[PDB]
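Worksheet: one structure, shown below.
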Amino acid sequence: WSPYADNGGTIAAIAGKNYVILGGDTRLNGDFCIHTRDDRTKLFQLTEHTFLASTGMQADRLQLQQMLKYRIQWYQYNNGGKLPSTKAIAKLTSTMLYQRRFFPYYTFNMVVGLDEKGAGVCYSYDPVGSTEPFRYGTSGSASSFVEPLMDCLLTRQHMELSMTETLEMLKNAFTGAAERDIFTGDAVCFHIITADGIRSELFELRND
Amino acid sequence: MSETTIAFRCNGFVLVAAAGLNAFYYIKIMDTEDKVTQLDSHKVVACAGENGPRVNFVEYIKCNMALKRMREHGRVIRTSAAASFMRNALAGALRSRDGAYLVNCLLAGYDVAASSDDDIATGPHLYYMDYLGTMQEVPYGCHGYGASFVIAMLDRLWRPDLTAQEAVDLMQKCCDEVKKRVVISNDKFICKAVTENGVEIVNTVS
Amino acid sequence: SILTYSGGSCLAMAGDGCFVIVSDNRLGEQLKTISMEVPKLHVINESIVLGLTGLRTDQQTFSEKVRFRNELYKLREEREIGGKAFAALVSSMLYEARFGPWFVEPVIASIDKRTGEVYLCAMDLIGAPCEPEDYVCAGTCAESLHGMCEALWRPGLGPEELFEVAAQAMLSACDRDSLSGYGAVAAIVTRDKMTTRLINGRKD
Amino acid sequence: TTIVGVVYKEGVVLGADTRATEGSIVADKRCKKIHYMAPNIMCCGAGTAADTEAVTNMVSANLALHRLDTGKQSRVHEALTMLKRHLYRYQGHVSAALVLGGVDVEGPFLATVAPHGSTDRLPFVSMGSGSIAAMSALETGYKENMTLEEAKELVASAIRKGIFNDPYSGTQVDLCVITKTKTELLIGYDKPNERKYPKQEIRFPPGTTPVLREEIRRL
Amino acid sequence: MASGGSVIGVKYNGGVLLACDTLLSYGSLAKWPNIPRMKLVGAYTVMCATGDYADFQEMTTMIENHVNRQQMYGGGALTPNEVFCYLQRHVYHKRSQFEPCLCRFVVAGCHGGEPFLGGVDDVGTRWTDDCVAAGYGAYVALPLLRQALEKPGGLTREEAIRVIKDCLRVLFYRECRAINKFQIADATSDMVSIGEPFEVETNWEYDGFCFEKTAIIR
Amino acid sequence: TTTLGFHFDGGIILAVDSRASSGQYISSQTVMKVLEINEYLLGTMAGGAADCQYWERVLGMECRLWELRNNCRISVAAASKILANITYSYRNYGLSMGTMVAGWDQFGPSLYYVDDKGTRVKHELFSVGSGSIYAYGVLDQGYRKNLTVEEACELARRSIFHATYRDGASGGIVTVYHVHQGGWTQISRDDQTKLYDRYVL
Amino acid sequence: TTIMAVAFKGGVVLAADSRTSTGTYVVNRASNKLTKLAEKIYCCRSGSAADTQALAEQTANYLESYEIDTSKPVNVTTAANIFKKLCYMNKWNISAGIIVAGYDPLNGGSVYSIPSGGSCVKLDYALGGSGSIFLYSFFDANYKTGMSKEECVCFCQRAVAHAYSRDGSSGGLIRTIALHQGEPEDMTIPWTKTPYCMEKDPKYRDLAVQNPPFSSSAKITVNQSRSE
Amino acid sequence: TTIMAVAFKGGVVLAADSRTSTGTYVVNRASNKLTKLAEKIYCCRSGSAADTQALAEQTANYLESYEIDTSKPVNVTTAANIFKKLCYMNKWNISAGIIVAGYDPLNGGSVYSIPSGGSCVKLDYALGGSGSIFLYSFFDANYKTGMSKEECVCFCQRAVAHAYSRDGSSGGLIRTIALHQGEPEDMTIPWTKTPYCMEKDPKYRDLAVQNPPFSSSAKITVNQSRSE
Amino acid sequence: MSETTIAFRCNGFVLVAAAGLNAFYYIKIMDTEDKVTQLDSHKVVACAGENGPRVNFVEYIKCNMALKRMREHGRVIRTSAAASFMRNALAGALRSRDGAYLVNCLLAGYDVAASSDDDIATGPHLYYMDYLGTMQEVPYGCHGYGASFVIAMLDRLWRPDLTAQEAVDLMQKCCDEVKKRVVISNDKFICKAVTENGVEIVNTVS
């Protein structure tokens, strides 16, 4: 018996000048089998401008999502009803992960949302909580594929996008990951975050 | 045993020397760290070990000795009493939760009369200690990989009636033989004398 | 790991009557770098190139044994060996050491002079082959390379277009790997000619 | 890997999936796992690929020598004995599991060979990491004296259970039908995993990559 | 270390079925063949598990007492969704103190004209779906039930019972620690009933199983 | 990782690279490895990123409280001592940390090294990280007390460059800071691949 | 696995179950563990399938050669001795418990046991496999010498059914063969017609009372069957 | 160790052997493994002597207090529940298999099994100890519900004799106690009057033929008894 | 890595240096062992490792090269052919029963025309090898704990057109930095040049 299990799958995000787009796959894997093809626990809304996304062990992301939801509720009760910013939540998350240094959450997390100027931002964490702000990010079983592709198409060191064009690039990156990683597949849930609100969309992938 | 320490007493003094080296695995960071620390006007301790334990151990001894001084009208404490307190702190730590202090020491002092009622025999004293809490008064003593070479030399050449000049010469021969025969580089030594007038640096030894 | 001790990566891609094969230039001892000028490609004859990754002593030993067998083949048979027979030969030499293996992972590319058909093969270290029609990859940044090619490769490219895709795949993957880099070398092979180019990359 | 066989009225049907993996990555989406042994005998293999390949090639060559010597058609029991003796000598270190099928003068023959060298002759089998899922369709669907068409539909349904439920199996179904007179290979008999969203084309303009030097050679 | 084998469940149009066998084993020994392994919880819910029977008993006694008391003391009747959440937090807490509940659970119920089905494993992983299983049921039965749920519209009660029996048949052929004696629970119309034990029909007489053909030496 | 610092006539120079690697895969090329603790003190990280970032933030909090309660700035000797007490108390709990602490106070410029076992050392020159074993080669050849600020910045930049070119775990962007009497300044940021083109002549 | 052989007046009966397993999954539900060594001599095999198949085949090869060289049918004692020698020379590298049994005109019906370690013991009956442990007491209470051939077939079928109802590693068909001066007679009983199983024994029909309903009394009555 | 309890019409019988051993040496040949918990409730103990003695004593202490506080005699289900809780809370530090059985006027005769792990199962009969494995088949073939008190004593004596004739870790006396509405009746059978042993069974009187004399024939006849 | 070796080639020479130390655990036995061994008139190899394997490996290479010489009319063998033979002996030993030779080498030579038919490019060559049988031609190279310090210096200061005087100066700075920064004492170096006129000791380096 181990207290750890890897349930598989992949997340990715890309920020723009005034949006961020975030995607997670829906398969939950067991040992040599599949529990379900329609799990929705990888993305978790924290405010109207901020999401948590996690890969790794599903039981640990369920605990971390609830611990954050309660610290954010206490912040509103102690601050006149107001919600914390994306930057404030990102620092809180770092601090909560390090305080469990000695029996760590088995999770690879991202915080994504809009900053105060209204631009997208992605924070990626190692499991004890080191992070930095960046324009894109990915973690999970297919992340070593997707990440070099994002470097190639978005920074172009060896050689402004619309919401629509950015969403097409992620559709194509997940389609490629589903063909070559055995633990990623079935569907992607995408959230588009803008100042107005949050649009959602489901996208089919290969089922084998 | 990467750092060697040497000491010996003669009729009116104790000489104490220690190597300057600080290392990180196989890299020399510096070779001028002073490891012969002064505890009060007439006492020094030379310690061998990693910086963390060495510094935390000598600051703990210095603090307790300063406290004891002012609850006693500022009178100099005897060398055997300081030795007894150090041994009791090393042995205590060995059976504690945090574990032993991994340090090996030589403590040297010159005792001086408190008052006119004082019937103490005045003189120099030298105590060998190890990290477990073993403690023995000795005429000379050493720690580190170089220890065995120097001890044999002193068994051959030391006498109680060496003059100050003969003793400084003898300490320079001891340090040179450590450089000659030990693979681990101990290139600079710092040396101090303890006498009836206090503690002074000996500049002609290196 | 013994396969990652020395560094290096290799990729090959197929097109319309052509292939491109590419390697990095680094040679190391774990994180220390010894040289920045060690490509891992070996030209066997006009139609065939072999790329070898793995431990460097076994790359040098195994490629010398292969060149020795090839020289004796030409004298006995009075012809050049073709790509499918060469890969079968290499697989047989690796399986001979089944229980004490050569720590190498070969990539083989060839073109049949007559027909214009391209043949690619990659093998594991005891000789099991895999013969796709698109691309093969091996070495320290294999997982990243495998994903770059799936995204950029498409059917029916000519020499110059296929070159661009292979260079970008090799440079993006090497930038996420500590043990492969310092630019790349490529061979472009058609029925008619063989071109070779040195590609500029990062210096870390 | 999922590999399957059944006996019908006049023959044997073998099946396999086509994915090869290293670790958690799909190395090859169309690996062939159905190997030739003789004109009337075929083999599917699970296990270490190199070991499976080597063993079946060696026995296939020794059966060909024996047909030239004797002048007679190869018997499936001979193939089975030769595989078993080789595997037993290496005590499981040559890790090949095999499904063997064929037809000779005593009718259809189907068997398995485990890596330690044990055998089993049966009317339906499965092996590989998808074997438990596939065997659930065989026990619900098998019957005596199946027609050829019933038998192809049953083998294809068993391989699809492995494809959809086991992470190490995938892509498509290959079949092989073996009768007294002929052996027919049907690669891509069923393809239930096409593309959903067409591949976006990413054009790099020629001249995009910086080059330092160039050499040319005519052939 | 009495232990139970496989459990399987499936949703149909109007309800949910849960099935397992009446056996507890101790290692390979088949020790008690007449044990009811499914337990009712409150008014709407039933549960079963694969693995350590003592841990199943401790956990279910504790949940049943909480549900009966909350109702008796004026805080209403817990729904299957709430019971499931509560179970999962208890299993995760024990995992986190290195004293795990060494079982895998399946929970089914019906409330509000809406059926429930879910699983929880011994590190606290949780999921809901149209079919769920534990033990060898996860390797043997899910492939068959997932194929039956592919038809559009959903299953009738009769189709659901028929595919459940095909699954139990295969478990008896291929799971070593099993017997041919099963119960089915049906949750439908905001209640649960547990049926009497029954047996399935099996085939042993194929020509290919005969003494001559299976012989090693001819 | 590679970090270095030295003390010359005009203050203290610190310089770093920017890569984070497990030992094969490169997770980032843009980590900031100099921590602006406050506006008169700097730290550096090597070893575990998370450990250095968390405990340096704790130390910045302790420095600001000192300033509120005593109405004056803490000395470099005390700041470094607060960090070394923390690491010593956790010496059996498996931190990984190799920091420098630098500042200019009433006794002048001071540079300390502090590690994960409670070690604390004061000296004129250090290099830390897996690339340190290459940077000391170039630095010991060029270091003297009488360098001008421009010469000292160049020496520091060229030393991190040579580490990045030979050590697999170092690379990215080279950053140089100057600690002076008025606090500290960021002098420069340069990609190590642009520097290669300026030094290969 | 459950194997056995029993002597009767003028011959032997061998019997077995048909299951082969990796521990908790059944790879073959219809194996045949009664292996022929000569016309009227068989063995029963337990342990590693690979090892027992290989040593049975080698023993059979040597008996066929011996029979051609002497022009006479072989005795049971010769088959037991050859088999014993192979088990004993290879004891550190195999997992095998064997029973050799058969008929010859010199000694009649004979049974030999060759357990792990390679000893050889001549008996009136022998038991082997994981399931044997369940049968020592069944034979101590219900076995007698001098049974007829039909008594002995029926007794061995019942013995195998009892062992496989309690042992998770045994199951499936019951195979028997009877060897005497006439022709060998094999028989296969399917699970559906087994002479004993727990599932149809009336003392195990009613379920234990583990799940009593919530009540105002401490009296225990019945299991809850419907929601409150 | 061999322990058991069986229900009959209006009560229970408990039975055990009397041996305690360190593996291959017998430290006590007359232990008593039927331990009293209340006037008409007993347990049977297997596993570590130290652990079972300590938990029986604690369970008995709690039942005596409960009985004084209510002024009524306790039910079997209460004793089983208290004992189960102690076995389950201490499962990683003990070796214990328990059977609790007794008579009370609410539920009559009851038997509960509490094996390693701390589960609790209510049954018609229970077996425990190293020797139990030899008895599953004996009960499957020869046990029926509704036996009388005298039938049930005789049956349990026979069952214990069969297990201890095959199990090296069991032996010595057979102890029984019968609990019903009347007074408890204990009985001890000495080995010399046991109802079964191998040593007196006539099918094991004649020795196997392992040591035949040197001869001119391959026929096997008798063991050599005197020097040539 | 207790002994450091350094080499670099410029337009008409190769310089090769190695530390003299022989040790037994932490004791220096001597510090003047010559580890830069001459293989023929225009070739040397510098080896790092324990005395037993080092000496047995260079005597085996010397013997085979002398045999090959006399079955070839006494003609000097090319440096690449000697390198190829050494690599093949190291790689051979790795897969043999006795195991690998635990030695790390630098081989340097100056190739000279055999006859008037010889169309060989004359010049200096330097090859890095390791104990596994890896072999690479390089402009400069090092083994031992000091290697990383010196390589970085040479990346900064080496050029192909150094004169003989500039090169001797550069080799002295390399040796001094090993003494400064490596804990293991490497106090004496021996250095040799290989040129068109043969092999000579450079006395001004230590």
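Each chain carries a letter (A, B, C, D, E, F, G, H and I) given by its place in the written order, and its residues are counted from 1.
Methods note: a residue touches a chain if its C-beta (ideal position, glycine included) is under 8 Å from a C-beta of that chain, and two chains touch if they have at least 3 such contacts.
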item	value
Contact-graph distance - origin subunit F, target subunit I	1
Those chains which touch subunit F and also touch subunit B	I
Remotest chain, subunit I as reference, centres from CA atoms	H
Cα-centroid distance, subunit A relative to subunit G, in whole angstrom	60
CA centroid of subunit C to CA centroid of subunit D, Å	28
Centroid distance [mean C-alpha coordinates] between subunit I and subunit G, Å	74
Centroid spacing, where centroids are CA-atom means, of subunit C and subunit I in whole angstrom	33
Subunit D, residues touching no fewer than two other chains	25, 29, 119, 122, 132, 164-165, 199, 202, 204, 208-210
Multi-chain contact sites of subunit E, meaning residues that touch two or more partners	29, 32, 35, 136, 139, 142, 173-174, 208-209, 214, 216
Set of subunit B residues in contact with two or more other chains	27
Chains that touch, pairwise	A-C, A-D, A-E, A-F, B-F, B-I, C-D, C-F, C-I, D-E, D-G, E-G, E-H, F-I, G-H
Subunit A residues within the subunit E interface of the complex	1-5, 7, 28, 30, 32-33, 35-36, 38-39, 57-59, 62-63, 103
Residues of subunit C that touch subunit D when the two form their complex	46, 91, 94-95, 98-99, 124, 126-128, 130, 132, 143, 146, 151-152, 154, 160-161, 163-165, 167-168, 171, 183, 191-200
Subunit C partner contacts - residues on subunit A that touch it in the complex	142, 144-149, 151-152, 157-159, 172-173, 176-177, 179-180
Subunit F to subunit C touching residues, read off their complex	19, 21, 23-26, 29, 130, 164-172, 192-193, 196
Parts of subunit E lying in touch with subunit D, wherever the complex brings them together	136, 139-144, 146-147, 166-167, 169-170, 173-174, 206-209, 213-214, 216
